[PDB]
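Trainee: Below is data.cif; it holds mmCIF, C-alpha atoms and all ligand atoms.
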```cif
data_my_file
loop_
_atom_site.group_PDB
_atom_site.id
_atom_site.type_symbol
_atom_site.label_atom_id
_atom_site.label_comp_id
_atom_site.auth_asym_id
_atom_site.auth_seq_id
_atom_site.Cartn_x
_atom_site.Cartn_y
_atom_site.Cartn_z
ATOM 1 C CA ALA L 1 51.006 31.868 3.226
ATOM 2 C CA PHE L 2 54.267 31.578 1.330
ATOM 3 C CA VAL L 3 56.415 34.673 0.535
ATOM 4 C CA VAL L 4 58.656 35.824 -2.358
ATOM 5 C CA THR L 5 61.779 37.473 -0.968
ATOM 6 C CA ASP L 6 64.823 39.477 -2.222
ATOM 7 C CA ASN L 7 66.602 37.085 -4.699
ATOM 8 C CA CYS L 8 63.558 37.088 -7.051
ATOM 9 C CA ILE L 9 64.189 40.776 -7.902
ATOM 10 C CA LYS L 10 65.957 41.185 -11.296
ATOM 11 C CA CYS L 11 65.677 37.398 -11.901
ATOM 12 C CA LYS L 12 61.957 36.633 -12.038
ATOM 13 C CA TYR L 13 62.357 33.123 -13.465
ATOM 14 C CA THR L 14 58.555 32.444 -13.123
ATOM 15 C CA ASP L 15 58.852 28.611 -12.746
ATOM 16 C CA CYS L 16 56.819 29.179 -9.559
ATOM 17 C CA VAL L 17 53.540 29.868 -11.220
ATOM 18 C CA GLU L 18 53.236 26.482 -13.026
ATOM 19 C CA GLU L 19 53.121 24.769 -9.557
ATOM 20 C CA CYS L 20 50.298 26.966 -8.077
ATOM 21 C CA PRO L 21 46.875 25.117 -8.068
ATOM 22 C CA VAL L 22 45.080 28.288 -7.010
ATOM 23 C CA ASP L 23 46.831 30.842 -9.251
ATOM 24 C CA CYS L 24 47.820 33.364 -6.586
ATOM 25 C CA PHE L 25 50.958 34.925 -8.057
ATOM 26 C CA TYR L 26 50.964 38.563 -9.147
ATOM 27 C CA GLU L 27 53.373 40.228 -11.507
ATOM 28 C CA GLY L 28 55.597 43.238 -11.290
ATOM 29 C CA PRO L 29 58.169 44.575 -13.871
ATOM 30 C CA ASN L 30 61.065 42.726 -12.164
ATOM 31 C CA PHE L 31 59.495 40.783 -9.214
ATOM 32 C CA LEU L 32 56.586 38.461 -8.355
ATOM 33 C CA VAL L 33 54.535 38.387 -5.168
ATOM 34 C CA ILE L 34 52.080 35.846 -3.599
ATOM 35 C CA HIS L 35 48.647 36.894 -2.431
ATOM 36 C CA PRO L 36 48.401 35.781 1.299
ATOM 37 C CA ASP L 37 44.708 35.376 1.341
ATOM 38 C CA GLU L 38 44.562 33.103 -1.708
ATOM 39 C CA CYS L 39 47.665 30.963 -1.040
ATOM 40 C CA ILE L 40 46.698 27.574 0.553
ATOM 41 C CA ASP L 41 50.283 26.773 1.785
ATOM 42 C CA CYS L 42 50.616 23.832 -0.586
ATOM 43 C CA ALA L 43 54.447 24.565 -0.607
ATOM 44 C CA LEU L 44 54.620 23.234 -4.194
ATOM 45 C CA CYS L 45 56.192 26.384 -5.415
ATOM 46 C CA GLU L 46 59.093 26.577 -3.048
ATOM 47 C CA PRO L 47 61.425 23.699 -4.477
ATOM 48 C CA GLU L 48 60.903 24.994 -7.986
ATOM 49 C CA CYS L 49 62.228 28.599 -7.660
ATOM 50 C CA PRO L 50 65.889 28.680 -9.045
ATOM 51 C CA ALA L 51 66.590 31.694 -6.980
ATOM 52 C CA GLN L 52 65.478 29.811 -3.735
ATOM 53 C CA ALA L 53 63.558 32.991 -3.071
ATOM 54 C CA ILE L 54 60.320 31.563 -1.721
ATOM 55 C CA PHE L 55 59.867 30.809 2.001
ATOM 56 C CA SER L 56 56.979 29.749 4.296
ATOM 57 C CA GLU L 57 55.973 32.975 6.090
ATOM 58 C CA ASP L 58 57.286 31.563 9.423
ATOM 59 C CA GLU L 59 60.668 30.609 7.793
ATOM 60 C CA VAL L 60 61.356 34.030 6.154
ATOM 61 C CA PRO L 61 64.936 35.232 7.178
ATOM 62 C CA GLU L 62 65.264 37.755 9.931
ATOM 63 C CA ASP L 63 66.807 40.226 7.435
ATOM 64 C CA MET L 64 63.989 39.884 4.947
ATOM 65 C CA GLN L 65 60.907 40.290 7.219
ATOM 66 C CA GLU L 66 59.740 43.435 5.272
ATOM 67 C CA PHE L 67 58.959 41.254 2.257
ATOM 68 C CA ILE L 68 55.925 39.675 4.092
ATOM 69 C CA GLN L 69 54.034 42.942 4.106
ATOM 70 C CA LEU L 70 55.367 43.882 0.686
ATOM 71 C CA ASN L 71 53.860 40.721 -0.913
ATOM 72 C CA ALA L 72 50.491 41.410 0.726
ATOM 73 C CA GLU L 73 50.385 44.988 -0.536
ATOM 74 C CA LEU L 74 51.656 44.641 -4.083
ATOM 75 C CA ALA L 75 49.425 41.505 -4.616
ATOM 76 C CA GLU L 76 46.512 43.966 -4.438
ATOM 77 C CA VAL L 77 47.763 46.254 -7.230
ATOM 78 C CA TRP L 78 49.687 44.014 -9.714
ATOM 79 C CA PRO L 79 48.047 41.753 -12.441
ATOM 80 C CA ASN L 80 47.677 38.014 -11.994
ATOM 81 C CA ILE L 81 50.278 35.773 -13.785
ATOM 82 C CA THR L 82 49.404 31.995 -14.351
ATOM 83 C CA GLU L 83 51.788 31.007 -17.148
ATOM 84 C CA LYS L 84 55.538 30.463 -17.162
ATOM 85 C CA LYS L 85 57.489 33.112 -19.019
ATOM 86 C CA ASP L 86 61.228 33.486 -20.001
ATOM 87 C CA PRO L 87 63.387 34.699 -17.105
ATOM 88 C CA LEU L 88 64.624 38.279 -17.151
ATOM 89 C CA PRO L 89 67.571 38.714 -19.539
ATOM 90 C CA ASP L 90 70.366 38.840 -17.046
ATOM 91 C CA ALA L 91 68.867 36.726 -14.321
ATOM 92 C CA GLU L 92 72.051 34.621 -13.773
ATOM 93 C CA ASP L 93 74.016 37.778 -13.190
ATOM 94 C CA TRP L 94 71.647 38.908 -10.453
ATOM 95 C CA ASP L 95 70.965 35.491 -8.819
ATOM 96 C CA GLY L 96 72.806 35.592 -5.436
ATOM 97 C CA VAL L 97 73.268 39.340 -5.267
ATOM 98 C CA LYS L 98 72.136 40.610 -1.923
ATOM 99 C CA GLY L 99 70.068 43.654 -1.075
ATOM 100 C CA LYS L 100 68.282 43.767 -4.401
ATOM 101 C CA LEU L 101 65.318 45.480 -2.760
ATOM 102 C CA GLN L 102 66.960 48.816 -3.738
ATOM 103 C CA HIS L 103 66.221 47.772 -7.409
ATOM 104 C CA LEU L 104 62.542 46.841 -7.017
ATOM 105 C CA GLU L 105 60.231 48.394 -9.608
ATOM 106 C CA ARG L 106 56.556 49.301 -9.093
HETATM 107 S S1 LIG M 1 52.275 27.771 -1.595
HETATM 108 FE FE1 LIG M 1 50.900 26.908 -3.120
HETATM 109 S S2 LIG M 1 49.076 28.198 -3.108
HETATM 110 FE FE2 LIG M 1 50.729 29.442 -2.146
HETATM 111 S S3 LIG M 1 51.732 30.613 -3.780
HETATM 112 FE FE3 LIG M 1 52.923 28.654 -3.623
HETATM 113 S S4 LIG M 1 51.887 27.214 -5.086
HETATM 114 FE FE4 LIG M 1 50.489 28.992 -4.836
HETATM 115 S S1 LIG M 2 62.602 34.187 -9.276
HETATM 116 FE FE1 LIG M 2 60.543 35.141 -8.719
HETATM 117 S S2 LIG M 2 59.310 34.804 -10.594
HETATM 118 FE FE2 LIG M 2 58.886 32.943 -9.260
HETATM 119 S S3 LIG M 2 60.499 31.475 -10.066
HETATM 120 FE FE3 LIG M 2 61.444 32.544 -8.276
HETATM 121 S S4 LIG M 2 59.688 33.529 -7.151
#
```
Starting from the file, lay out its structure as structure tokens.
Mentor:
Amino acid sequence: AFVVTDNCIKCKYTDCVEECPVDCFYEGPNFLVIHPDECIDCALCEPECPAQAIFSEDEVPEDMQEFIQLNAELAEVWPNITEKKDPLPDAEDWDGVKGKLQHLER
């Protein structure tokens, strides 16, 4: 499975979803997550995220390992999203800012 990590938070561009043949992205107020059981590892979503926030589960940075479990868990409670939407208003301002996990909304 592929995993959405820290730089997605407060950006949430949503270009990722248009690439997904199986529709396994789930939406939060300021973050997206992939469902690990539905994802087929097609990788088609990774070169298309402007925030370079998606990684193969085995290529997820040492300092972001907690996102693997977070994607699995929130994918069970958030609604599916299959259509591209406008990025969050100040996405450029937040793209590249580290430790944005402190800003994650449920
Ligand atoms: S790797 Fe493929 S199946 Fe998994 S979330 Fe990305 S586009 Fe969807
Ligand atoms: S910012 Fe988040 S919404 Fe999709 S396009 Fe990147 S994983």
Trainee: Specify the axis-aligned box that encloses all atoms of region 54-69 of chain L listed in the file after padding of 5 Å on each side, stating its centre and edge lengths in Å to one decimal as JSON.
Mentor:
```
{"center_x": 60.4, "center_y": 36.6, "center_z": 4.1, "size_x": 22.8, "size_y": 23.7, "size_z": 21.7}
```
Trainee: Could you tell me which of L:45, L:19, L:32, L:50 comes closest to residue 92 (chain L) if we count all atoms listed in the file?
Mentor: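 Between L:45, L:19, L:32, L:50, the residue approaching residue 92 (chain L) most closely is L:50.
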Trainee: Looking at only C-alpha atoms, which of L:46, L:63, L:86, L:57 is the one that sits closest to residue 14 (chain L)?
Mentor: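 Using only C-alpha atoms, residue 14 (chain L) sits closest to L:86.
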Trainee: Residues within 12 Å of ligand LIG 1 (chain M) should be enumerated using all atoms listed in the file and returned as number ranges by chain.
Mentor: L: 1-4, 14-26, 32-49, 53-57, 71-72, 75, 80-82
Trainee: List, as a ChimeraX atom specification, every residue that the PyMOL selection byres (((chain L and resi 89) around 10) and not hetatm) selects in the file provided.
Mentor: /L:10-13,86-88,90-94
Trainee: How would the residues just picked look written out with C-alpha atoms as a short mmCIF file (atom, residue, chain, number, x, y, z; two decimals), in the frame of the given file?
Mentor:
```
data_model
loop_
_atom_site.label_atom_id
_atom_site.label_comp_id
_atom_site.auth_asym_id
_atom_site.auth_seq_id
_atom_site.Cartn_x
_atom_site.Cartn_y
_atom_site.Cartn_z
CA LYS L 10 65.96 41.18 -11.30
CA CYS L 11 65.68 37.40 -11.90
CA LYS L 12 61.96 36.63 -12.04
CA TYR L 13 62.36 33.12 -13.46
CA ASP L 86 61.23 33.49 -20.00
CA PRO L 87 63.39 34.70 -17.10
CA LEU L 88 64.62 38.28 -17.15
CA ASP L 90 70.37 38.84 -17.05
CA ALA L 91 68.87 36.73 -14.32
CA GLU L 92 72.05 34.62 -13.77
CA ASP L 93 74.02 37.78 -13.19
CA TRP L 94 71.65 38.91 -10.45
#
```
Trainee: Just give me the gap between atom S3 of ligand LIG 2 (chain M) and CA of residue 76 (chain L) in Å, one decimal is fine.
Mentor: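 Computing the Euclidean distance for atom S3 of ligand LIG 2 (chain M) and CA of residue 76 (chain L) yields 19.6 Å.
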Trainee: Quick one: of L:61, L:66, L:79, L:85, who's nearest to ligand LIG 2 (chain M), counting all atoms listed in the file?
Mentor: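 Counting all atoms listed in the file, the residue closest to ligand LIG 2 (chain M) is L:85.
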Trainee: Let me make sure I understand: among L:28, L:95, L:51, L:106, which one has the smallest atom-to-atom distance to ligand LIG 2 (chain M) if we use all atoms listed in the file?
Mentor: L:51
Trainee: Could you state the separation of CA of residue 62 (chain L) and CA of residue 100 (chain L) in Å, given to one decimal place?
Mentor: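 Going from CA of residue 62 (chain L) over to CA of residue 100 (chain L) covers 15.8 Å.
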Trainee: Expand the PyMOL selection byres (((chain L and resi 99) around 12) and not hetatm) into the explicit residue set it covers here, and present it as a list in words.
Mentor: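 On the file shown, the PyMOL selection byres (((chain L and resi 99) around 12) and not hetatm) covers residues 5, 6, 7, 8, 9, 10, 63, 64, 67, 94, 95, 96, 97, 98, 100, 101, 102, 103 and 104 of chain L.
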Trainee: Quick one: of L:83, L:70, L:58, L:77, who's nearest to ligand LIG 2 (chain M), counting all atoms listed in the file?
Mentor: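 The answer is L:83, which sits nearest to ligand LIG 2 (chain M).
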Trainee: Choose the residue, out of L:59, L:84, L:73, L:78, that has the smallest atom-to-atom separation from ligand LIG 2 (chain M); count all atoms listed in the file.
Mentor: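 Ranking L:59, L:84, L:73, L:78 by distance to ligand LIG 2 (chain M), first place goes to L:84.
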